Amino acid sequence: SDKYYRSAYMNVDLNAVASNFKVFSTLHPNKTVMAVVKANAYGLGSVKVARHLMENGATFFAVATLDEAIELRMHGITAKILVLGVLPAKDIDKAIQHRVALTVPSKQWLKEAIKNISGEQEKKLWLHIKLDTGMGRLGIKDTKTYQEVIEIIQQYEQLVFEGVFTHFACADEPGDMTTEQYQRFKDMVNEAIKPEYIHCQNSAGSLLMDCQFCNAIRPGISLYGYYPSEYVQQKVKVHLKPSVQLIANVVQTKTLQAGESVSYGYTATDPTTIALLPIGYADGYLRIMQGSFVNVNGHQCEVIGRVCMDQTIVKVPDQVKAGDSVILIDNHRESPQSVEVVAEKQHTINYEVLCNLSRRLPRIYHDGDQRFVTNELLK
Amino acid sequence: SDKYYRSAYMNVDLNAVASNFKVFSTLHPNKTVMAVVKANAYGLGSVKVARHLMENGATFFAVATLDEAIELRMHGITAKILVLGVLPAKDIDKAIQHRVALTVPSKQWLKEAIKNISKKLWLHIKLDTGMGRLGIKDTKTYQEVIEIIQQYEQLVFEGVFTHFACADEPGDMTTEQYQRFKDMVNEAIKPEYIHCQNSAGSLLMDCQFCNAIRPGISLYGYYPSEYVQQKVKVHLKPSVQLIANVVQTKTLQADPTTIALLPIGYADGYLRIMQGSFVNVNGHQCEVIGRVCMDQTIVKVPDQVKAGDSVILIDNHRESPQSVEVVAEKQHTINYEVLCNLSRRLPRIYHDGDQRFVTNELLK
Ligand code: NA
Ligand code: NA
């Protein structure tokens with residue numbers, strides 16, 4: 001548990017994350033829940049959330065990069081880990097060494113990966129084949145090439161065909177694409193022997209459909225308590241618990257008299273108090289947040305002037321003083337400080353709001369009565 | 001040096017940072033250049049920049065938070081360090097234990113802080129000279145704050161400073177505040193460090209009264225604004241490149257085109273709004289199409305592009321269509337934020353004349 005010396009931090013509720021995970025376990029009781037903790041678990045912290053989820057029965061995680069995988073491995077995570085991106089061929093030995101499964105996006109990739117397998121790392125190379133079934137980006141599109149890759153894997157005892165998966169492009173919105181990909185997926189996967197894991201659903205897909213054919217699900221943002229779109233949120237009645245709060249303590253206040261002003265980038269008409277927050281755009285509270293409202297001791301206050309790199313200014317009631325807690329992002333969907341309202345202010349989606357949260361912010365994890373802190377600057 | 005396992009990274013040119021530093025040193029020959037390495041040296045990695053700058057004459061550094069100062073201390077930085085932000089009383093002792101100078105924003109703050117004192121305390125007093133940016137406004141209180149320092153042998157009045165609000169724009173405001181600053185300072189004993197200029201102030205004025213300067217963004221090769229760029233001769237060398245290699249290509253039908261998939265996305269700081277931008281794939285300007293994803297970006301490319309080819313997303317030139325300022329415009333923000341957005345997920349590859357060194361915070 002790291003120390004921190006600036007009252008600006010994120011509260012991460014691990015009980016909320018464990019509830020969300022159960023919601024998914026409960027919705028799909030016959031499937032393996034492959035917890036997606038890529039991008040540092042969407043800003044919350046891969047390691048701490050992964051440890052926590054393991055203590056609650058998670059046996060499989062998905063990340064974006066091998067760096068993310070080795071990071072969980074260097075911190076005691078022993079569950080299975082699948083890398084969703086394409087590993088540079090050179091690094092194949094490190095995946096083998098660290099027991100990390102890998103995505104095969106193409107035949108070419110597999111062929112180049114084999115060539116870089118020196119014999120120093122002799123454990124198995126677990127492989128999940130990615131299939132392209134719709135808005136084709138990454139993955140194998142034709143069944144023939146798919147059989148050929150499987151056929152290649154079967155020449156080497158060291159390579160295991162552990163999974164096959166696909167990703168939906170529009171599942172968080174109305175349309176027949178998703179169901180069209182699902183059928184395309186089965187049509188590809190049926191023309192060859194099935195591997196252990198068959199997974200096609202993200203958060204949207206898992207909350208909206210059952211997909212009996214896909215024995216593993218990959219919930220993401222919803223683990224952290226957020227709906228992947230308004231459509232899904234208004235569609236299903238499952239309850240997800242937001243897990244994040246962004247907080248800052250007022251460090252100083254000044255009273256402007258009518259006629260006096262302050263220049264952070266504001267002139268007062270009546271007597272007004274201003275509070276100085278030690279948080280700014282380098283923490284991920286972007287400049288475009290100007291004019292948004294934040295919660296001070298219960299009341300909505302306006303963010304004035306411009307947001308600076310390390311400071312933010314707020315028009316507040318006179319009684320507010322140094323030490324008062326300010327909630328910039330709250331843990332409730334129907335809140336003027338919800339991740340969604342902030343995303344709207346940033347003209348983006350909830351994913352990016354959490355992702356912008358910089359390393360300069362400590363993560364303070366809550367589990368029942370327990371409290372623990374991670375401060376990257378001092379790690 | 002750390003390993004890294006995704007072909008996406010930042011090239012941080014320390015030789016460019018050292019030159020920019022010498023330009024300021026040369027421009028203000030007899031001043032201390034208090035190098036601003038706050039916010040992880042605007043995204044470049046403060047530990048490596050500070051260490052590199054100490055090897056080139058840097059004797060004083062400025063950060064935004066005590067965590068930032070302590071981080072430098074943990075890694076061998078021995079020079080002076082001033083926390084520009086306001087540290088509440090609680091943590092003062094740790095600023096004393098670690099030898100970090102602090103900012104006195106008010107008398108309330110000082111008086112109060114004279115209670116977590118339980119080893120010198122180096123204080124730089126902050127004055128509000130007209131724009132409001134919180135600080136002591138009146139000479140009286142200014143004189144009262146010093147007298148208070150004089151009462152404790154452990155408290156040291158090391159400096160006084162102010163922040164100009166509009167040095168990046170034209171007008172007399174800066175000058176008028178520069179005068180107020182003098183008027184206040186000349187009414188009390190003068191401390192060893194007197195500083196009033198940021199990158200802008202440093203590039204545009206001489207300010208002989210102020211014996212120290214605080215360049216920040218410009219140390220890294222960026223002009224604080226176009227107006228400053230169009231008014232000064234001084235040439236700054238941009239120090240950052242953002243690169244990714246194409247992981248796979250795919251050809252589409254219905255105009256038919258080839259798309260390239262890059263292993264970088266908004267979780268790395270290449271924001272969603274970058275859709276519609278251009279990147280440099282082997283000298284070819286290619287558009288970023290479709291939605292930028294958390295981990296991937298798709299670029300419209302000529303059919304001759306292939307897996308493994310390098311893509312420049314942010315280039316180390318100002319004139320370029322991938323300059324930090326062009327990216328800033330696309331992001332409807334300022335160059336400073338483009339740099340701060342770059343995530344911990346990106347490895348920083350430092351260049352120091354064919355000496356390469358990597359920092360991968362994930363394996364660190
Ligand atoms: Na095999
Ligand atoms: Na003294």
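In what follows, chains carry the letters A, B, and so on, assigned in the order in which the sequence lines appear, proteins first and then strands, with residues in each chain numbered from 1. Just follow the structure's listing: the first ligand is 1, and inside any ligand the first atom is 1.
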Enquirer: Do any N/O/S atoms of B:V156 come under 3.0 Å of the Na ion (ligand 2)?
Expert: no

Enquirer: Just say parallel, tilted or perpendicular for the rings of A:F185 and A:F213, cut-offs at 30° and 60°.
Expert: perpendicular

Enquirer: Are the sulfur (SG) atoms of A:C211 and A:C200 separated by under 2.5 Å?
Expert: no

Enquirer: To the nearest 10 degrees, could you say what angle the Na ion (ligand 2) makes with O of B:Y152 and O of B:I149?
Expert: 70°

Enquirer: With a cut-off of 3.0 Å, does B:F157 put an N/O/S atom close enough to the Na ion (ligand 2)?
Expert: no

Enquirer: Centre of A:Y264's six-membered ring, under 6.0 Å away, within 45 degrees of the axis: is that where NZ or CZ of B:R133 sits?
Expert: yes

Enquirer: So, A:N30 and A:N215: side-chain donor and acceptor under 3.5 Å apart, yes or no?
Expert: no

Enquirer: Of all the atoms in B:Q154, is at least one N, O or S atom closer to the Na ion (ligand 2) than 3.0 Å?
Expert: no

